[PDB]
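Have a look at the structure below, then the notes.
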Amino acid sequence: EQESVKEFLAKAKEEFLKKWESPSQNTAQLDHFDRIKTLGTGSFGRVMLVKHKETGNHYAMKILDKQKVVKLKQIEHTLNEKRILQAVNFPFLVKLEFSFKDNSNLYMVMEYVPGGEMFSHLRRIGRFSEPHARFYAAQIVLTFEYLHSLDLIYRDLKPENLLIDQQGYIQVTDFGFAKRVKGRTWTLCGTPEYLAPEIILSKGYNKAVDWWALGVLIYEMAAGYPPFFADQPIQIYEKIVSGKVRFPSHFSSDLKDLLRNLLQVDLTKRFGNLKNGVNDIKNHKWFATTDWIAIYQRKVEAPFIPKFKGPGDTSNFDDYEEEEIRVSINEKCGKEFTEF
Amino acid sequence: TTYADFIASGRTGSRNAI
Ligand SMILES: Nc1ncnc2c1ncn2[C@@H]1O[C@H](COP(=O)(O)OP(=O)(O)O)[C@@H](O)[C@H]1O
Ligand SMILES: [Mg+2]
Ligand SMILES: [Mg+2]
């Protein structure tokens, strides 16, 4: 069984590296799709629900204005994100189906995840019970086992980036901060509530920041609010580095013990960063009832299934004013995006 | 309560990076 995990990850790395070295490009075009509705705001343009004309399949299409990407100095991040998305393959990662570009825009067409993001569900429901939180947490644990085995650090875990699919399972989205990192890296990035102390303290850091963020996520899912919050980020940062955390009285002893070991300011003590790696987390008492293989196969009954009345249902997304998508008659920023 | 303090923080909505 342990040998089965090693074999799986070795094959996953072989597959990843092939696609990483020889990325796909230009695998569809804009007039293969009908635009249906704006699903959300993307970093550089709309995220659209679209319908593939030949198949009738629905997808989420991210539209990125090339001139805006260049203006905000995000060329490398944008190229890197697409390069990652086209190379990875794991059940709890969003799936890039097509990508292409035209005179004005870059396009990433993903599998449409109709439940929207976890954040809204969590704020509506208030908090998740520990079984419910554990179901989601187990998926993140496996996803980080996968990503870290590829030397990818994720760096933006938060409920805002966890989409819920029709079966109630997670698909992680937004790889804008993800980086291939075998050793240390130094960029200040992430979301204040989820930053590990060593990021705040301007140290070189490693994949252990993702395991800290898992602790924050588990805490927020189970409490309904994050462990460190304040009016302004600077006050949040003061709490994060302080070494102090308080738990709701309804947290189980097992939950508190796991969280003390993930929200560990001392890197030499933090679960996920020790000699036994991810297995310190997977073997912890809080996860004793978790069937890791059944989770990976999506065989566990989900605690929550989002409303979804057939393909094209957008009831889990906000409404946005619809504007025409204008493509210039002249190419913009061609050289910068040759690799896309 | 801690929950009331969270509401008072003004950071109950979706959170941007950086
Ligand atoms: N695959 C998808 N299915 C459904 N909605 C999506 C999908 N990808 C993105 N979205 C919507 O767009 C929003 C922003 O997506 P995100 O992955 O955070 O990209 P970015 O912030 O880089 O534009 C999401 O919170 C979600 O509402
Ligand atoms: Mg982005
Ligand atoms: Mg985003």
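Go over the candidates A:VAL241, A:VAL245 one by one and state the one that is under 28 Å from A:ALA178 (Cβ atoms), in contact with a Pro (Cβ under 7 Å, 6 or more places away or on another chain) and within 14 Å of another protein chain (Cβ to nearest Cβ).
Checking each option against the conditions leaves just A:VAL245.
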| Quick one: which of A:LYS62, A:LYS95, A:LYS82, A:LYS73 is more than 30 Å from A:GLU220 (Cα to Cα) and of a type in the set (D, E, K, R)? | A:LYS73
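What helices (runs of 4 or more DSSP H) lie completely within the range A:1-110 and have 2 or more residues being within 16 Å of ligand 2 (Cβ to nearest atom)? First the steps, then the outcome.
On the way: elements: A:2-21, A:66-71, A:75-87.
Passing ranges, in order: A:66-71, A:75-87.
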| task | Find the residue count for the range A:38-69, including only residues that are under 22 Å from A:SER120 (Cα atoms) and either more than 23 Å from the chain's Cα centre (by Cα) or among the aliphatic types (A, V, I, L, M) (or both). | result | 6
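Any idea which of A:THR173, A:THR191 is within 12 Å of chain B (Cβ to nearest Cβ), within 16 Å of ligand 1 (Cβ to nearest atom), closer than 17 Å to B:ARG15 by Cα and polar (S, T, N, Q)?
Details: A:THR173 fails: within 12 Å of chain B (Cβ to nearest Cβ).
Of A:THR173, A:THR191, the one residue that is within 12 Å of chain B (Cβ to nearest Cβ), within 16 Å of ligand 1 (Cβ to nearest atom), closer than 17 Å to B:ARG15 by Cα and polar (S, T, N, Q) is A:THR191.
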| Cβ-Cβ below 6 Å, separation at least six or inter-chain, first residue in the range A:210-231 and farther than 18 Å from A:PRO248 by Cβ and within 11 Å of chain B (Cβ to nearest Cβ), second surrounded by 23 or more Cβ atoms within 10 Å (Cβ to Cβ) and small (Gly, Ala, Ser): which pairs? | none
| task | Could you look through the range A:37-53, keep only residues that are in contact with a helix residue (DSSP H, G or I) (Cβ under 7 Å, 6 or more places away or on another chain) and away from ligand 1 (no atom under 13 Å from the Cβ), and pick out the one that is nearest to the other protein chains (Cβ to nearest Cβ)? | result | A:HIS52
| Assuming A:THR338 fulfils every condition listed in (1) out of contact with any strand residue (DSSP E or B) (no Cβ under 8 Å at 6 or more places or on another chain); (2) surrounded by 11 or more Cβ atoms within 10 Å (Cβ to Cβ) apart from one, which condition is it? | (2)
| task | State whether one or more residues within the range A:48-67 are touching an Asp or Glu at 6+ places or on another chain (Cβ under 6 Å), touching a residue at least 60 places away in the same chain (Cβ under 8 Å) and more than 25 Å from A:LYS335 (Cα to Cα). | result | yes
| message | Give me the helices (runs of 4 or more DSSP H) completely within the range A:159-249, filtered to those with at least 1 residues that are outside the structural domain of A:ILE84 (by CATH) and within 30 Å of A:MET61 (Cα to Cα), ordered by residue number. | response | A:208-223
| said: Can you pull out every residue in the range A:123-158 that is outside any helix (DSSP H, G or I), surrounded by fewer than 22 Cβ atoms within 10 Å (Cβ to Cβ) and among the hydroxyl-bearing types (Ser, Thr, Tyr)? | reply: A:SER129
| message | List the residue pairs whose Cβ atoms are under 7 Å apart, where the first residue sits in the range A:107-120 and is small (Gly, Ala, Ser), the second is within 7 Å of ligand 1 (Cβ to nearest atom), and the two are 6 or more positions apart or on different chains. | response | A:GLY115/A:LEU163; A:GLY116/A:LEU163; A:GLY116/A:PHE317
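Check A:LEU142, A:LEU106, A:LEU93, A:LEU150 and return the single one that is under 11 Å from the mean Cα position of the chain (by Cα) and away from chain B (no Cβ under 14 Å). Before you say what the answer is, go through the steps one by one.
Values: A:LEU142 fails: under 11 Å from the mean Cα position of the chain (by Cα); A:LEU106 fails: under 11 Å from the mean Cα position of the chain (by Cα); A:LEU150 fails: under 11 Å from the mean Cα position of the chain (by Cα).
Testing whether each residue is under 11 Å from the mean Cα position of the chain (by Cα) and away from chain B (no Cβ under 14 Å) leaves just A:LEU93.
Which residues, counting only those in the range A:176-188, are within 16 Å of ligand 2 (Cβ to nearest atom) and within 12 Å of chain B (Cβ to nearest Cβ)?
Step one: of the range A:176-188, the residues within 16 Å of ligand 2 (Cβ to nearest atom) are A:176-179, A:187.
Listed by number, the residues that qualify are A:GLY176, A:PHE177, A:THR187.
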| said: Residues to consider are A:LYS11, A:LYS18, A:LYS73; find the one that is away from ligand 1 (no atom under 14 Å from the Cβ), of a type outside the set (A, V, I, L, M, F, W, C) and within 14 Å of chain B (Cβ to nearest Cβ). | reply: A:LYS73
| Subset tally (residues that are in contact (Cβ under 8 Å) with a residue 60 or more places away in the chain, in contact with an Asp or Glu (Cβ under 9 Å, 6 or more places away or on another chain) and either of a type in the set (D, E, K, R) or within 16 Å of ligand 3 (Cβ to nearest atom) (or both)) for the range A:121-157 | 3
| Taking the range A:180-225 as the search range and keeping residues that are within 16 Å of ligand 3 (Cβ to nearest atom) and not hydrophobic (A, V, I, L, M, F, W, C), which one is surrounded by the most Cβ atoms within 10 Å (Cβ to Cβ)? | A:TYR194
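Numbers and lists here come from the model and the stated rules, or from a named source; no laboratory read-out is quoted. Note that we place each Cβ from the backbone using ideal geometry, even for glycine, and neighbour counts take in every protein chain shown.
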